[PDB]
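Participant: Quick one: the structure is below, and I'll ask about it shortly.
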Amino acid sequence: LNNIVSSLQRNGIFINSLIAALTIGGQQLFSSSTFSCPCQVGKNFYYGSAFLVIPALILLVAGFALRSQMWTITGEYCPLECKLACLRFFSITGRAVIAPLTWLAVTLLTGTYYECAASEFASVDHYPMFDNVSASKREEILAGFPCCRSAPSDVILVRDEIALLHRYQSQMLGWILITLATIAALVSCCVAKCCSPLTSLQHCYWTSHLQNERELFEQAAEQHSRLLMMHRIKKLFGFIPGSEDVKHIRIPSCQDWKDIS
Amino acid sequence: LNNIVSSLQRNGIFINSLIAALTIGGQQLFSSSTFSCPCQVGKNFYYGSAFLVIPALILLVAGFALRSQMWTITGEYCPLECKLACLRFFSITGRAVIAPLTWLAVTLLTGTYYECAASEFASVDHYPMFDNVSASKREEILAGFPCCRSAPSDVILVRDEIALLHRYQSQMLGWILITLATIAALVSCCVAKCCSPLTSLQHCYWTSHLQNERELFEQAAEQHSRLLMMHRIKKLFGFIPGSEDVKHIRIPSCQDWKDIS
Amino acid sequence: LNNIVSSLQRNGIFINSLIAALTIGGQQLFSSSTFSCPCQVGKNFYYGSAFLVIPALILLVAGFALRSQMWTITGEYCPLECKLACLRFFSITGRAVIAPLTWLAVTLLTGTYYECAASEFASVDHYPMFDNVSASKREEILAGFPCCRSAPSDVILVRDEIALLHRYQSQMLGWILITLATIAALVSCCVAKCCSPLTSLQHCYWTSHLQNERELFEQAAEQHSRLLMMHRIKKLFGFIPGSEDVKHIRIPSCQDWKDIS
Amino acid sequence: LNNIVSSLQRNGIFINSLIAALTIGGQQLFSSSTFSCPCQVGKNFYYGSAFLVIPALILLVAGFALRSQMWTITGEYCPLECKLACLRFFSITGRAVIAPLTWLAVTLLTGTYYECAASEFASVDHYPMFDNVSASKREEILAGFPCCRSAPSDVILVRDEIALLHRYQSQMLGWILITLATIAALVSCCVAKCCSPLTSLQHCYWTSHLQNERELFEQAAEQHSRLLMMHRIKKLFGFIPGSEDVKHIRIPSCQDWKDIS
Amino acid sequence: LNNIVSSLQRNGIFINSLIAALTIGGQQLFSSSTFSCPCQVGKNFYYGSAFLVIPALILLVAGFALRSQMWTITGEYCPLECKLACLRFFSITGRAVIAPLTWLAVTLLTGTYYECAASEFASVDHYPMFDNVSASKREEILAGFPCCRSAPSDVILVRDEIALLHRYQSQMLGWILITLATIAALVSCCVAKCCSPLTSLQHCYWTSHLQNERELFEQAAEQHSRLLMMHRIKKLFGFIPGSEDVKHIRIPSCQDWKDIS
Amino acid sequence: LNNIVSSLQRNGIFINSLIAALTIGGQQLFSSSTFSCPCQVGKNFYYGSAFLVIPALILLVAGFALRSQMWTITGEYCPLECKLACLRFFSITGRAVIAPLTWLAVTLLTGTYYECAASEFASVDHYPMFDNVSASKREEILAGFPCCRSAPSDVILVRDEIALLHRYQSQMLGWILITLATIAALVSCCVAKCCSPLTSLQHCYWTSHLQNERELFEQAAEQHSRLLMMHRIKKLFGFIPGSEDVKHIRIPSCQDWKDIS
Amino acid sequence: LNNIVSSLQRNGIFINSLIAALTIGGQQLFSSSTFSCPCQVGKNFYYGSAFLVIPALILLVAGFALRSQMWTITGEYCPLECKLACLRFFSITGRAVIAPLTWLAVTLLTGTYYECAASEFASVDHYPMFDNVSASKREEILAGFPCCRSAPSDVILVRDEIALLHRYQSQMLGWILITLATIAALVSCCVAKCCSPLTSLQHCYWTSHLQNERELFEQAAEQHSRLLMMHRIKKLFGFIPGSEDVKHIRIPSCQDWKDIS
């Protein structure tokens, strides 16, 4: 049933779902463990922006780089060959895109990252309580109350209202992002089908050709080197390894020990 | 017994039930985790409408796109051929429809999404407490009390009455939607049977023909490419992989290394 | 022992019991989760009537439609042929009837659905407390107290008495319904036996004939199409798939790639 | 060991015990869940009588109807043939009787059903507290206090005494019923043995003859129809299903597609 | 399935992930157990710097040294040979780098190590509370309050603000470090591909050649020495070990006991 | 899979990790159970020094002695032979060093042993509270407060400060020790590779030669003695043990009983 | 894998570790259960001395006696024979020494046994509180307070100080004992290697010779007696046991019954 399991894995839906589930679980643990939104007035946008974009960028780069087909494409690039390379790049891009989109969607829908990032950019014209002719303390309290200030001094109404505003903006932005991602994925698949010179059956043949040629060469390269080394050590020790050699044995010489080395 | 399990899966009832159960569980977790109905006076209908329709639209698109038969139909379209394509589209539409209908039904029956969406569209003529000659504060409180306002000031009677009204309207709308979906499904199946030119036995033969032809070509395309590459690497290394080659081995040349590449 | 398990399933008693148990469990979860009886004076009968009849109607339609034998009967209909079709319809009707009868029986015996449905149709002549010369407030309170009003103002005695009256009427109606269903089932089986032209042994032979003919044609249609496609692709690639083809291989031409497509 | 398990099931004691245990468990759940004895003065005897007799009648009818041997007997009826049919009817009646007797015994021994049924028929001559010259309020309170009235007004002594009287009468009636059932079962078995024209060994032979003839005809009817349809589809597709057919294949014609249909 | 498991391990992604997970778990236990940040005014930077860099340096050295290929490269070093050695060094550097980068990233993101390290380097110009004309007590309290001082004397506002500043700086530094590590890894892989004289297929052949030659020589060196010693002890005891020797046995002499020793 | 498990054990990393883990667990149990730091003014340095060095010395001696290769080296010692013995000593020293280094590192990092050892050597010039012109009570209290004195008399500030000083010194000393151990291990491995006259492949051959020669001689010494004794007892009892001897049996004589003894 | 398990047991390290672990567990249970240090002024040293030395002496005697090789050595004793007997005695002494050393080490390190043993030998010159011109009550209280006296009368400071003194002395004595035991074991092994006339390989041969000769004689003595008795009873009953004897049977005579007895 292992072969049946492998056939099931050959479908990209299961693997992409598994990657998305791992991203969701990892994001839950990571955010609930080590977020600790700072209260710093000077630089607080960088904290949220890093916590929101850097993991997505890392996951994107990992999804692209960890695929050996991408290294082969880059080696080829560094007519029909161009279209074939573009098709392989698209096939890689499927996973390379499902990897970080889950992170961005989950983080935006939770909204805490976006809140901690864009808290300080809130407006104060609507709220008469934020006059603050000093024009410097207002910025500090604006960047301060989202984090840990608490301190109920009847300003918490404005805090709660603006926090709900930023949470709503975050979740709506997440929905916009996921809708755009889905539309882009569908359009990209349609463009790949339209621009592919190979027919559907020819495309299937070519994909299987690529997979099988790579696997076959790997296996037979292993077997060829095994045979060549086995002949070499047959010369070295007077027998082929793993076979009945009580007939004859060899005594290597020091210069022969140099030759094998 | 794995073959028996596969035969059971071949029935669409089990798979559709599994999809519906996953949709119900996912909706429960998603709604109980990250709903957080906003209190914003300006845009609150968009929040509920997005949370109610966007997941359904995404699930519909996923159900249609993830089926490779749909890509084959679109490739063909892009007499009897038209009817056959329509029949295959209907067979895909079965799953493509069971996927989001569960989401819409569960969300409407729970009613919280519809409440948060259409709270602000409530009438005030019936209730004398909502005179509010200002005609602007009334809209804000109307969009505000459903979310988190609480603040018992004896208006909570009107809040509770209108909340029950919207919940009842939501659940009745859900029942109307599921009844219409069932009627449409039954009528569509009857129309498919009436409009199908193939006989019942001929239809069964054609369906099995399609499945078997696709599977057979996939397998033998794999095997043909395996044989062709195996002959190529037999030329390359002087032996066929996976067989007894102690008779002879090859030493590839650099230009030959270019040819295999 | 899998074959023994299949033989046990061939008895309709186990499958009908399994369907009834699933209906009971689903009704328990559904009602205990999302009933929320409304307090609306205008339309409250529709709520309960929908929650009581719509699931039963959906389950009835599903039981009839999900059976492929029903599609075959409808295709035939759209002498002895009429009686044979009627017998097959009855065999389908067995499951199509056990599916929703469990829902109706459980919902009526619990009585909450019937209470929320027919609360507003209660009489007030017996109770002197419901004079209400206004003749409009009385209807509203009558439709209101069953839901969530509570508000002990010594009218709860009338509320409790009428609630017990409606609960008793609901459970007695459920018993009447289940008794009528059992009597109708027994009479229908007796009428089927009386009206069947086939003898008992002939009826058994005919039933097994139908099942076996459908299964055999499905299997051999699969195998015939497999053989035809296998010959086609033998023409295409110069070999039969899944067999030793190191003797010869083919190089398809583009026009031949068109022919296979 | 599955065959040994089947041999154990062939003994009626285990199956009858299993049916009785299921009846006891189902009665426990059903009564502890949805009894809710009403307080209605007018009709309260019908409630208990239905809850006490209707399930027993349904179980009796199910036990008789679900046995296919009963349908065969009814088909025969609709000399020695009469005695043989009577013997088969008795063999069916064994299970048809053990099915509801458990329900009646358990319900009477618990006594709550009988109490709620025959509460209103209690006498009042013994108790001087029930003078009630009105002669209408007395009936209402008599039918009311058993259900949920509580309301300790020092009449609860009479309530408790009459409740104990009805509980004792219920349990004694249950013992009378089970004793009569056992005596009737033993006498019926003795009468069956006396009136049976077959000898003991001949009776065993006849019972096994009946079982084996029915099973054999079912199996070979299946196999005969399989062979006939297999020959038909051999004509249709030019080969027998499930066998090596690479020698020849057929191309059905539309009129031939009509003939197979 | 053990062979399949080995094939999965052959992918570096799983092993690198396993190493990173072990580093994370070990860091969690180690830091939560035995950190105990000191309060010493004189030397407190050394404590955090050691706890932050020494484990990373040890893990780096272990990753490089524990790989026997590194010992082989160092033995060779102590044209194309240089490039081949550089490629092998890079292949080792992959694991040698994933080993401590996890430690540095986790420790910086947690931030406690960096806080305890660079607490004393905080500025005091911004805070008017830290005038301290003594200019020596200020340094001591600055190095003291992060550790365990507590002692709320309304200076804890400055403590909390500067602690948040250092935590934010630590986490941002961790993000900078991980981004630089990823960029360096990608650039190094690209430079390795560009500078490699071998082709992609030739590179695969060479890697498999190296692995197979080392494994083959290890095995056959074992077998050669086994044969040589077996012949020696055949001389010693008059028979080959592990074979039927009831034909003849030997009695070793003391001088022969010296020869074997 | 047992052979695969043995191959995994052949790697020293797993065994060294297992030894270190056992040392950590044993140290945890031992220290948390039976430390009980004394308060004795006279001799308290000896207690901590013993608890810190004696287990390490015992583990070092056990690691060296328990290896039979060490006994063989000592027997040889008691040109190339010297270098070969040095290489074998180094191979033993690997485990002999990983055994106690874990104990020293864990004990120093915990710091309690070092605190109890070097408490009395603390300075008193910095602290004006320790004037104590008596110059004898001061030493006693200095050696006393670390253990169990408690007794808060506002001197606990000095106690806590000096305890933190000694804990920091202990952990820094542990880091210095582990860094020096790692540097020494790496330098020793490099010196072993540089000073080894054998080539890398020759070194592998020699190591496998040593292991195989020892194992082979052990096995065949067992088999030779088994054969010799078996012949002796064949003389004694007239038959070879474990074979069909119903042909003949012997009756030993008393003088023959002496000869076998 | 049982043979592999036996090979692992053949290493003395595992068995000695198992013996030490059992000694530790048994000591824990025994001491925590039934110590109950007495308060008797007269004889309290004997109690602790017995509880500390008698189990060690018993374990030593058991380790020596339970080994049958020791009985063989004593039988031989009761040139090279002397050295061989000494070597076998040393091999026995390994286990005979690891058996009680664990008990002594654990008991001394816990220190409770030594405290209860040597409490009464404490000095009183240092403590001015123990003047007690009576010179008899002082001894009684000195032997009394360690056990159960409690009775805080401000003398508990001296009690605690002297208890810590004796605990420290006990644990230091335990460390001295274990260090001396390890040094003696290493020196004894070195002396055994130096004084052994056999070479290392000859020593291995001799050890295996001893084990194999004893096992072989045991087995074949069993088989010889089985054959002799089997022939005897073949004479007795006319057949060999466990074989086909339907050919002939015997009827033993009473005098023959005497001969077999």
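Each chain in the structure tokens gets a letter, A, B, ..., in the order shown, and its residues are numbered from 1; ligands are numbered from 1 in order too.
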Quick one: residues within 6 Å of region 25-42 of chain B, only C-alpha atoms counted, chain neighbours fewer than 2 positions away excluded, as a list in words?
Facilitator: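 Using only C-alpha atoms, the neighbours found are residues 22, 23, 44, 140, 143, 144 and 147 of chain B.
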Participant: With C-alpha atoms retained, could you export that selection as a PDB file, in the first residue's frame?
Facilitator:
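Generated output (selection-v3.pdb):
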```
ATOM      1  CA  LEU B  22     -14.333  19.072   6.658  1.00  0.00           C
ATOM      2  CA  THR B  23     -16.094  22.280   5.632  1.00  0.00           C
ATOM      3  CA  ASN B  44     -19.551  46.933   8.295  1.00  0.00           C
ATOM      4  CA  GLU B 140     -23.860  54.893  14.300  1.00  0.00           C
ATOM      5  CA  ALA B 143     -24.223  49.745  13.508  1.00  0.00           C
ATOM      6  CA  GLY B 144     -22.584  49.759  16.939  1.00  0.00           C
ATOM      7  CA  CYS B 147     -20.748  44.198  17.912  1.00  0.00           C
TER       8      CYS B 147
END
```
Participant: Select residues of chain E: the criterion is any atom within 7 Å of an atom of chain F, counting only C-alpha atoms; output as a list in words.
Facilitator: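 That gives the following set of residues: residues 34, 38, 40, 47, 218, 221, 222, 225, 226, 229 and 241 of chain E.
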Participant: Identify, with DSSP run on backbone atoms, the residues in region 47-228 of chain B assigned to alpha helix (DSSP H), and express the list as a PyMOL selection string.
Facilitator: chain B and resi 47-65+68-77+80-110+112-118+137-144+156-195+200-228
Participant: Skipping near chain neighbours, those fewer than 5 positions away, what residues fall within 9 Å of region 94-104 of chain F using only C-alpha atoms, listed as a short mmCIF file (atom, residue, chain, number, x, y, z; two decimals) with N, CA, C and O atoms, in the first residue's frame?
Facilitator:
```
data_model
loop_
_atom_site.label_atom_id
_atom_site.label_comp_id
_atom_site.auth_asym_id
_atom_site.auth_seq_id
_atom_site.Cartn_x
_atom_site.Cartn_y
_atom_site.Cartn_z
N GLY F 12 30.69 6.92 16.51
CA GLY F 12 30.97 7.32 17.88
C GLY F 12 30.09 8.44 18.39
O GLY F 12 30.00 8.63 19.61
N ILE F 15 27.12 7.03 20.58
CA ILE F 15 27.53 6.48 21.86
C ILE F 15 28.02 7.58 22.79
O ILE F 15 27.73 7.58 23.99
N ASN F 16 28.80 8.53 22.26
CA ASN F 16 29.25 9.64 23.09
C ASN F 16 28.08 10.48 23.59
O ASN F 16 28.07 10.92 24.74
N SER F 17 27.09 10.71 22.73
CA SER F 17 25.90 11.44 23.16
C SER F 17 25.15 10.68 24.25
O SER F 17 24.65 11.27 25.21
N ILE F 19 26.45 8.55 26.41
CA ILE F 19 27.24 8.65 27.63
C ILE F 19 27.04 10.01 28.28
O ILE F 19 26.88 10.12 29.51
N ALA F 20 27.05 11.08 27.48
CA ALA F 20 26.86 12.42 28.04
C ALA F 20 25.47 12.57 28.66
O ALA F 20 25.32 13.18 29.72
N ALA F 21 24.44 12.03 27.99
CA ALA F 21 23.09 12.11 28.54
C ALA F 21 22.98 11.34 29.85
O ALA F 21 22.34 11.81 30.80
N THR F 23 25.43 10.81 31.92
CA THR F 23 26.15 11.59 32.92
C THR F 23 25.30 12.75 33.43
O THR F 23 25.27 13.02 34.63
N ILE F 24 24.58 13.42 32.53
CA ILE F 24 23.73 14.54 32.94
C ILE F 24 22.63 14.07 33.87
O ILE F 24 22.38 14.66 34.92
N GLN F 27 24.10 12.99 37.24
CA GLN F 27 24.49 14.15 38.02
C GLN F 27 23.28 14.85 38.61
O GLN F 27 23.30 15.27 39.77
N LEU F 52 33.32 17.64 43.30
CA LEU F 52 33.50 18.18 41.96
C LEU F 52 34.54 17.43 41.14
O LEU F 52 34.37 17.31 39.92
N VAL F 53 35.61 16.93 41.75
CA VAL F 53 36.70 16.31 41.01
C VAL F 53 36.68 14.79 41.11
O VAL F 53 37.01 14.11 40.14
N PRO F 55 34.22 12.38 41.26
CA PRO F 55 33.45 11.69 40.22
C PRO F 55 34.05 11.82 38.83
O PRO F 55 34.02 10.86 38.06
N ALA F 56 34.61 12.99 38.50
CA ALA F 56 35.24 13.14 37.20
C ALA F 56 36.45 12.24 37.06
O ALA F 56 36.65 11.61 36.02
N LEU F 57 37.27 12.14 38.11
CA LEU F 57 38.43 11.27 38.07
C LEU F 57 38.02 9.81 37.95
O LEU F 57 38.63 9.05 37.19
N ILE F 58 36.98 9.41 38.68
CA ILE F 58 36.50 8.03 38.60
C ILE F 58 35.98 7.73 37.21
O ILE F 58 36.25 6.66 36.65
N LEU F 59 35.21 8.65 36.62
CA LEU F 59 34.69 8.40 35.28
C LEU F 59 35.82 8.34 34.26
O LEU F 59 35.78 7.52 33.33
N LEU F 60 36.84 9.18 34.40
CA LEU F 60 37.99 9.12 33.51
C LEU F 60 38.69 7.77 33.61
O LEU F 60 38.99 7.12 32.60
N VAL F 61 38.94 7.31 34.84
CA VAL F 61 39.62 6.04 35.03
C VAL F 61 38.77 4.89 34.49
O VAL F 61 39.29 3.95 33.89
N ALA F 62 37.45 4.95 34.70
CA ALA F 62 36.57 3.91 34.18
C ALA F 62 36.58 3.89 32.66
O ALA F 62 36.63 2.82 32.05
N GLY F 63 36.54 5.07 32.03
CA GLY F 63 36.57 5.12 30.58
C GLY F 63 37.85 4.55 30.01
O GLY F 63 37.83 3.88 28.97
N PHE F 64 38.98 4.81 30.66
CA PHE F 64 40.23 4.25 30.18
C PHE F 64 40.33 2.75 30.45
O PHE F 64 40.74 1.99 29.57
N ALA F 65 39.96 2.31 31.65
CA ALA F 65 40.21 0.92 32.04
C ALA F 65 39.22 -0.04 31.39
O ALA F 65 39.60 -1.14 30.99
N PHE F 89 45.77 4.66 21.50
CA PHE F 89 45.54 5.38 22.74
C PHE F 89 44.64 6.59 22.51
O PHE F 89 43.76 6.87 23.32
N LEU F 109 28.39 24.57 35.42
CA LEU F 109 27.32 25.43 34.94
C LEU F 109 26.21 25.57 35.98
O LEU F 109 25.66 26.66 36.15
N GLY F 174 33.22 27.25 33.79
CA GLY F 174 32.72 26.13 33.01
C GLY F 174 32.81 26.38 31.51
O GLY F 174 33.19 25.49 30.75
N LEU F 177 36.37 26.08 30.50
CA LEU F 177 36.77 24.68 30.48
C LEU F 177 36.26 23.97 29.23
O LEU F 177 37.01 23.23 28.59
N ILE F 178 35.00 24.20 28.86
CA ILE F 178 34.46 23.50 27.69
C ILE F 178 35.11 24.03 26.41
O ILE F 178 35.38 23.26 25.48
N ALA F 181 38.47 22.43 26.25
CA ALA F 181 38.33 21.02 25.90
C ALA F 181 38.08 20.85 24.41
O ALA F 181 38.69 19.98 23.77
N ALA F 185 40.58 19.06 21.81
CA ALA F 185 40.14 17.92 21.02
C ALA F 185 40.41 18.13 19.54
O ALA F 185 40.92 17.24 18.86
#
```
Participant: Rounded to one decimal place, report the CA of residue 107 (chain B)-CA of residue 184 (chain A) distance in Å.
Facilitator: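 Here the two named atoms are 27.2 Å from each other.
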Participant: Please report the interatomic distance between CA of residue 9 (chain F) and CA of residue 8 (chain E) in Å with one decimal.
Facilitator: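 Those two atoms sit 20.1 Å apart.
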Participant: Could you state the separation of CA of residue 80 (chain F) and CA of residue 92 (chain F) in Å, given to one decimal place?
Facilitator: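 We find that CA of residue 80 (chain F) and CA of residue 92 (chain F) lie 18.5 Å from each other.
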Participant: Which is closest to residue 48 (chain A) among A:70, A:120, A:82, A:77, if we use only C-alpha atoms?
Facilitator: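 Comparing A:70, A:120, A:82, A:77 against residue 48 (chain A), the winner is A:120.
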Participant: Pick out the residues sitting within 12 Å of residue 254 (chain B), and hand them over as number ranges by chain; count only C-alpha atoms, and ignore anything fewer than 3 positions along from it in its own chain.
Facilitator: B: 236, 251, 257-261; E: 197-199, 201-202
Participant: What does the file look like for those residues with N, CA, C and O atoms, as a PDB file, in the first residue's frame?
Facilitator:
```pdb
ATOM      1  N   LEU B 236      25.155   5.239 -23.117  1.00  0.00           N
ATOM      2  CA  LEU B 236      26.074   6.102 -22.377  1.00  0.00           C
ATOM      3  C   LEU B 236      27.103   5.306 -21.578  1.00  0.00           C
ATOM      4  O   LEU B 236      28.308   5.564 -21.673  1.00  0.00           O
ATOM      5  N   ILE B 251      33.675   4.030 -20.299  1.00  0.00           N
ATOM      6  CA  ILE B 251      34.292   5.243 -19.781  1.00  0.00           C
ATOM      7  C   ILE B 251      33.805   6.415 -20.622  1.00  0.00           C
ATOM      8  O   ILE B 251      34.285   6.635 -21.734  1.00  0.00           O
ATOM      9  N   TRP B 257      29.615  13.196 -22.437  1.00  0.00           N
ATOM     10  CA  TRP B 257      28.943  13.831 -21.306  1.00  0.00           C
ATOM     11  C   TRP B 257      28.107  15.018 -21.765  1.00  0.00           C
ATOM     12  O   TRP B 257      27.055  15.310 -21.185  1.00  0.00           O
ATOM     13  N   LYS B 258      28.567  15.729 -22.797  1.00  0.00           N
ATOM     14  CA  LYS B 258      27.745  16.795 -23.356  1.00  0.00           C
ATOM     15  C   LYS B 258      26.515  16.201 -24.039  1.00  0.00           C
ATOM     16  O   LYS B 258      25.399  16.691 -23.832  1.00  0.00           O
ATOM     17  N   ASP B 259      26.680  15.109 -24.791  1.00  0.00           N
ATOM     18  CA  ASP B 259      25.538  14.562 -25.529  1.00  0.00           C
ATOM     19  C   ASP B 259      24.435  14.099 -24.587  1.00  0.00           C
ATOM     20  O   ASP B 259      23.249  14.322 -24.857  1.00  0.00           O
ATOM     21  N   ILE B 260      24.796  13.433 -23.486  1.00  0.00           N
ATOM     22  CA  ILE B 260      23.758  12.978 -22.560  1.00  0.00           C
ATOM     23  C   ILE B 260      23.058  14.166 -21.907  1.00  0.00           C
ATOM     24  O   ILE B 260      21.839  14.143 -21.697  1.00  0.00           O
ATOM     25  N   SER B 261      23.800  15.220 -21.594  1.00  0.00           N
ATOM     26  CA  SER B 261      23.213  16.425 -21.019  1.00  0.00           C
ATOM     27  C   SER B 261      22.294  17.126 -22.016  1.00  0.00           C
ATOM     28  O   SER B 261      21.109  17.326 -21.750  1.00  0.00           O
TER      29      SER B 261
ATOM     30  N   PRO E 197      33.653  23.466 -12.278  1.00  0.00           N
ATOM     31  CA  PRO E 197      34.001  23.093 -13.655  1.00  0.00           C
ATOM     32  C   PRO E 197      33.193  21.920 -14.171  1.00  0.00           C
ATOM     33  O   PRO E 197      32.950  21.829 -15.380  1.00  0.00           O
ATOM     34  N   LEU E 198      32.770  21.019 -13.291  1.00  0.00           N
ATOM     35  CA  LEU E 198      31.978  19.875 -13.708  1.00  0.00           C
ATOM     36  C   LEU E 198      30.595  20.320 -14.169  1.00  0.00           C
ATOM     37  O   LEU E 198      30.031  21.294 -13.666  1.00  0.00           O
ATOM     38  N   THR E 199      30.049  19.593 -15.139  1.00  0.00           N
ATOM     39  CA  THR E 199      28.668  19.816 -15.528  1.00  0.00           C
ATOM     40  C   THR E 199      27.739  19.286 -14.439  1.00  0.00           C
ATOM     41  O   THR E 199      28.168  18.628 -13.489  1.00  0.00           O
ATOM     42  N   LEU E 201      25.362  16.938 -14.636  1.00  0.00           N
ATOM     43  CA  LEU E 201      25.400  15.481 -14.634  1.00  0.00           C
ATOM     44  C   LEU E 201      26.765  14.973 -14.187  1.00  0.00           C
ATOM     45  O   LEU E 201      26.855  13.997 -13.433  1.00  0.00           O
ATOM     46  N   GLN E 202      27.837  15.633 -14.628  1.00  0.00           N
ATOM     47  CA  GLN E 202      29.171  15.247 -14.187  1.00  0.00           C
ATOM     48  C   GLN E 202      29.341  15.468 -12.690  1.00  0.00           C
ATOM     49  O   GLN E 202      29.996  14.674 -12.008  1.00  0.00           O
TER      50      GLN E 202
END
```
